[PDB]
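A.B. asks: The following file, work_30.txt, comprises compact mmCIF, N, CA, C and O atoms:
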```txt
# COMPACT_ATOMS: atom_id res chain seq x y z
N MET Z 1 1.47 4.31 5.45
CA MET Z 1 0.98 2.91 5.36
C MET Z 1 2.13 1.92 5.30
O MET Z 1 2.88 1.89 4.32
N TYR Z 2 2.27 1.11 6.34
CA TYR Z 2 3.33 0.12 6.41
C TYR Z 2 2.91 -1.18 5.72
O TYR Z 2 1.77 -1.63 5.86
N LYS Z 3 3.83 -1.77 4.97
CA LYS Z 3 3.55 -3.01 4.25
C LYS Z 3 3.15 -4.12 5.22
O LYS Z 3 2.37 -5.00 4.88
N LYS Z 4 3.70 -4.07 6.43
CA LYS Z 4 3.40 -5.07 7.45
C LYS Z 4 1.91 -5.07 7.78
O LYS Z 4 1.34 -6.11 8.11
N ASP Z 5 1.29 -3.90 7.69
CA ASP Z 5 -0.13 -3.77 7.98
C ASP Z 5 -0.98 -4.24 6.79
O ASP Z 5 -1.95 -4.98 6.97
N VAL Z 6 -0.59 -3.82 5.59
CA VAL Z 6 -1.30 -4.19 4.39
C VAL Z 6 -1.38 -5.71 4.24
O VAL Z 6 -2.46 -6.27 4.03
N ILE Z 7 -0.23 -6.37 4.35
CA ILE Z 7 -0.17 -7.82 4.23
C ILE Z 7 -1.04 -8.50 5.28
O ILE Z 7 -1.56 -9.60 5.06
N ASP Z 8 -1.21 -7.84 6.42
CA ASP Z 8 -2.02 -8.38 7.50
C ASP Z 8 -3.50 -8.22 7.19
O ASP Z 8 -4.34 -8.98 7.67
N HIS Z 9 -3.82 -7.21 6.38
CA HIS Z 9 -5.19 -6.94 5.99
C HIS Z 9 -5.60 -7.81 4.80
O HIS Z 9 -6.76 -8.18 4.65
N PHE Z 10 -4.62 -8.13 3.95
CA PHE Z 10 -4.87 -8.94 2.77
C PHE Z 10 -4.57 -10.42 3.05
O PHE Z 10 -5.18 -11.30 2.45
N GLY Z 11 -3.64 -10.67 3.96
CA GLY Z 11 -3.28 -12.03 4.29
C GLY Z 11 -2.19 -12.57 3.38
O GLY Z 11 -1.16 -13.07 3.85
N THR Z 12 -2.42 -12.48 2.08
CA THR Z 12 -1.45 -12.95 1.09
C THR Z 12 -1.10 -11.83 0.12
O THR Z 12 -1.97 -11.11 -0.36
N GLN Z 13 0.20 -11.69 -0.17
CA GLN Z 13 0.67 -10.65 -1.09
C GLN Z 13 -0.12 -10.67 -2.39
O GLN Z 13 -0.59 -9.63 -2.86
N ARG Z 14 -0.26 -11.85 -2.98
CA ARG Z 14 -0.99 -12.01 -4.24
C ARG Z 14 -2.34 -11.29 -4.19
O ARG Z 14 -2.82 -10.80 -5.20
N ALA Z 15 -2.93 -11.25 -3.00
CA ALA Z 15 -4.22 -10.59 -2.82
C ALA Z 15 -4.11 -9.09 -3.07
O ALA Z 15 -4.89 -8.52 -3.83
N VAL Z 16 -3.14 -8.45 -2.42
CA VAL Z 16 -2.93 -7.02 -2.57
C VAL Z 16 -2.73 -6.65 -4.04
O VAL Z 16 -3.32 -5.68 -4.53
N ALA Z 17 -1.90 -7.41 -4.73
CA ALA Z 17 -1.63 -7.16 -6.14
C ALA Z 17 -2.90 -7.24 -6.97
O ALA Z 17 -3.06 -6.52 -7.96
N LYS Z 18 -3.81 -8.12 -6.56
CA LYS Z 18 -5.08 -8.29 -7.27
C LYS Z 18 -6.03 -7.13 -6.98
O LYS Z 18 -6.85 -6.77 -7.82
N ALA Z 19 -5.90 -6.54 -5.79
CA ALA Z 19 -6.74 -5.42 -5.40
C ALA Z 19 -6.40 -4.17 -6.20
O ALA Z 19 -7.28 -3.51 -6.75
N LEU Z 20 -5.11 -3.85 -6.25
CA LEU Z 20 -4.64 -2.67 -6.97
C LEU Z 20 -4.55 -2.96 -8.47
O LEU Z 20 -4.79 -2.07 -9.30
N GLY Z 21 -4.21 -4.19 -8.81
CA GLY Z 21 -4.10 -4.58 -10.20
C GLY Z 21 -2.66 -4.75 -10.65
O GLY Z 21 -2.34 -4.56 -11.82
N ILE Z 22 -1.79 -5.10 -9.70
CA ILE Z 22 -0.38 -5.29 -10.00
C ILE Z 22 0.03 -6.74 -9.78
O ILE Z 22 -0.79 -7.58 -9.40
N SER Z 23 1.31 -7.03 -10.01
CA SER Z 23 1.83 -8.38 -9.83
C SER Z 23 2.30 -8.61 -8.40
O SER Z 23 2.51 -7.65 -7.65
N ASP Z 24 2.46 -9.87 -8.02
CA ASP Z 24 2.90 -10.21 -6.67
C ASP Z 24 4.30 -9.68 -6.40
O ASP Z 24 4.64 -9.32 -5.27
N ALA Z 25 5.12 -9.62 -7.45
CA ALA Z 25 6.49 -9.13 -7.33
C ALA Z 25 6.51 -7.69 -6.83
O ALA Z 25 7.31 -7.33 -5.97
N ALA Z 26 5.63 -6.86 -7.39
CA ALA Z 26 5.55 -5.46 -7.00
C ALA Z 26 5.25 -5.31 -5.51
O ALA Z 26 5.79 -4.43 -4.84
N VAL Z 27 4.39 -6.19 -5.00
CA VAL Z 27 4.03 -6.16 -3.58
C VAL Z 27 5.23 -6.45 -2.70
O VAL Z 27 5.54 -5.69 -1.78
N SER Z 28 5.92 -7.55 -2.99
CA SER Z 28 7.09 -7.94 -2.21
C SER Z 28 8.20 -6.91 -2.35
O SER Z 28 8.97 -6.68 -1.41
N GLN Z 29 8.29 -6.29 -3.52
CA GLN Z 29 9.31 -5.28 -3.78
C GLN Z 29 9.12 -4.06 -2.89
O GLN Z 29 10.05 -3.29 -2.66
N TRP Z 30 7.90 -3.89 -2.37
CA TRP Z 30 7.59 -2.76 -1.50
C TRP Z 30 8.56 -2.69 -0.32
O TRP Z 30 9.28 -3.65 -0.05
N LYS Z 31 8.56 -1.56 0.36
CA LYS Z 31 9.43 -1.36 1.51
C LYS Z 31 8.62 -1.05 2.76
O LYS Z 31 7.41 -1.28 2.80
N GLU Z 32 9.28 -0.52 3.79
CA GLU Z 32 8.61 -0.18 5.04
C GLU Z 32 7.35 0.64 4.78
O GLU Z 32 6.39 0.59 5.55
N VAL Z 33 7.35 1.39 3.68
CA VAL Z 33 6.21 2.21 3.30
C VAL Z 33 5.81 1.96 1.85
O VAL Z 33 6.58 2.23 0.93
N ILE Z 34 4.60 1.44 1.66
CA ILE Z 34 4.10 1.16 0.31
C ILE Z 34 4.12 2.40 -0.56
O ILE Z 34 4.07 3.53 -0.06
N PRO Z 35 4.19 2.22 -1.89
CA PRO Z 35 4.22 3.34 -2.84
C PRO Z 35 3.10 4.34 -2.60
O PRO Z 35 2.09 4.02 -1.97
N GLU Z 36 3.28 5.55 -3.11
CA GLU Z 36 2.28 6.61 -2.94
C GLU Z 36 1.01 6.29 -3.72
O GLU Z 36 -0.09 6.61 -3.29
N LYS Z 37 1.17 5.66 -4.88
CA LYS Z 37 0.03 5.30 -5.72
C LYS Z 37 -0.61 3.99 -5.26
O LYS Z 37 -1.78 3.74 -5.52
N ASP Z 38 0.17 3.16 -4.57
CA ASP Z 38 -0.34 1.89 -4.08
C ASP Z 38 -1.14 2.09 -2.81
O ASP Z 38 -2.21 1.50 -2.63
N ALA Z 39 -0.63 2.94 -1.93
CA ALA Z 39 -1.31 3.24 -0.67
C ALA Z 39 -2.65 3.93 -0.93
O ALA Z 39 -3.58 3.83 -0.12
N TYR Z 40 -2.74 4.62 -2.06
CA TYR Z 40 -3.97 5.33 -2.43
C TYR Z 40 -5.10 4.34 -2.71
O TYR Z 40 -6.07 4.26 -1.95
N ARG Z 41 -4.97 3.61 -3.81
CA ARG Z 41 -5.99 2.63 -4.20
C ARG Z 41 -6.24 1.62 -3.08
O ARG Z 41 -7.34 1.08 -2.95
N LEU Z 42 -5.21 1.37 -2.27
CA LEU Z 42 -5.32 0.43 -1.17
C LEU Z 42 -6.43 0.84 -0.20
O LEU Z 42 -7.09 -0.01 0.40
N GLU Z 43 -6.62 2.15 -0.04
CA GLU Z 43 -7.64 2.67 0.86
C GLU Z 43 -9.04 2.38 0.34
O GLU Z 43 -10.01 2.39 1.10
N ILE Z 44 -9.15 2.12 -0.96
CA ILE Z 44 -10.44 1.83 -1.58
C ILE Z 44 -10.76 0.34 -1.52
O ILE Z 44 -11.85 -0.05 -1.09
N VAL Z 45 -9.81 -0.48 -1.95
CA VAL Z 45 -9.99 -1.93 -1.94
C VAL Z 45 -10.28 -2.45 -0.54
O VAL Z 45 -11.08 -3.38 -0.36
N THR Z 46 -9.63 -1.86 0.45
CA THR Z 46 -9.80 -2.26 1.84
C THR Z 46 -11.08 -1.66 2.44
O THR Z 46 -11.33 -1.81 3.64
N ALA Z 47 -11.88 -0.98 1.62
CA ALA Z 47 -13.11 -0.37 2.08
C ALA Z 47 -12.83 0.78 3.04
O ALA Z 47 -13.58 1.02 3.98
N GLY Z 48 -11.73 1.49 2.79
CA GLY Z 48 -11.36 2.61 3.63
C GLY Z 48 -10.77 2.18 4.96
O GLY Z 48 -10.84 2.90 5.95
N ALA Z 49 -10.18 0.98 4.98
CA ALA Z 49 -9.57 0.46 6.19
C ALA Z 49 -8.46 1.37 6.69
O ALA Z 49 -8.53 1.92 7.78
N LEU Z 50 -7.42 1.54 5.87
CA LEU Z 50 -6.29 2.39 6.22
C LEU Z 50 -6.47 3.78 5.62
O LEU Z 50 -6.63 3.94 4.41
N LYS Z 51 -6.43 4.80 6.48
CA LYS Z 51 -6.59 6.18 6.04
C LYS Z 51 -5.28 6.72 5.46
O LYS Z 51 -4.26 6.78 6.15
N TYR Z 52 -5.31 7.10 4.19
CA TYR Z 52 -4.13 7.64 3.52
C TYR Z 52 -3.75 9.00 4.09
O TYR Z 52 -4.59 9.87 4.27
N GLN Z 53 -2.46 9.17 4.36
CA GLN Z 53 -1.95 10.42 4.90
C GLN Z 53 -0.70 10.86 4.15
O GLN Z 53 0.12 10.04 3.76
N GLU Z 54 -0.57 12.17 3.93
CA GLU Z 54 0.58 12.71 3.21
C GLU Z 54 1.76 12.96 4.16
O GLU Z 54 2.40 14.01 4.10
N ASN Z 55 2.04 11.99 5.02
CA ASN Z 55 3.14 12.11 5.97
C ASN Z 55 4.42 11.55 5.38
O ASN Z 55 5.40 12.28 5.21
N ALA Z 56 4.42 10.26 5.06
CA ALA Z 56 5.58 9.60 4.49
C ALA Z 56 5.63 9.77 2.97
O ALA Z 56 6.60 9.39 2.33
N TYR Z 57 4.57 10.33 2.40
CA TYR Z 57 4.49 10.53 0.96
C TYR Z 57 4.67 12.01 0.61
O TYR Z 57 4.12 12.49 -0.38
N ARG Z 58 5.44 12.72 1.42
CA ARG Z 58 5.69 14.14 1.19
C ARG Z 58 7.19 14.44 1.22
O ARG Z 58 7.79 14.57 2.29
N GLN Z 59 7.79 14.55 0.04
CA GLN Z 59 9.21 14.84 -0.07
C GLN Z 59 9.47 15.91 -1.12
O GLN Z 59 9.83 15.60 -2.26
N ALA Z 60 9.29 17.17 -0.74
CA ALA Z 60 9.51 18.29 -1.65
C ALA Z 60 9.85 19.56 -0.88
O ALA Z 60 9.10 20.54 -0.92
N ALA Z 61 10.98 19.54 -0.19
CA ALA Z 61 11.42 20.70 0.59
C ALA Z 61 12.93 20.93 0.42
O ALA Z 61 13.35 22.11 0.45
```
Would you put the structure from the file into structure tokens?

C.D. replies:
Amino acid sequence: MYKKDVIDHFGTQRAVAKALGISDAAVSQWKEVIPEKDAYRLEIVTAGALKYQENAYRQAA
């Protein structure tokens, strides 16, 4: 899940933070790929808009 997509679905960062329950700072602090715990709840608030995948959230090899 790319932050560029999330912000496009929410429109305003403050919105995303309100969906998950975090501050606006946390949203902007995000990188090319939103946190593993943020991308999760994000799939719920967006009504299952973005399908969560364990591709970029898999680092244990």

A.B. asks: Find the residues around range 35-49 of chain Z up to 10 Å (only C-alpha atoms counted), leave out those fewer than 3 positions away in its own chain, and share them as a ChimeraX atom specification.

C.D. replies: /Z:1-3,6,9-10,16-22,26-27,30-32,52-54,56-58

A.B. asks: Can you measure CA of residue 15 in chain Z to atom C of residue 51 in chain Z for me? One decimal in Å is fine.

C.D. replies: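 That distance, rounded to one decimal, is 19.2 Å.
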
A.B. asks: Quote the spacing between CA of residue 24 in chain Z and CA of residue 12 in chain Z in Å to one decimal place.

C.D. replies: 9.3 Å
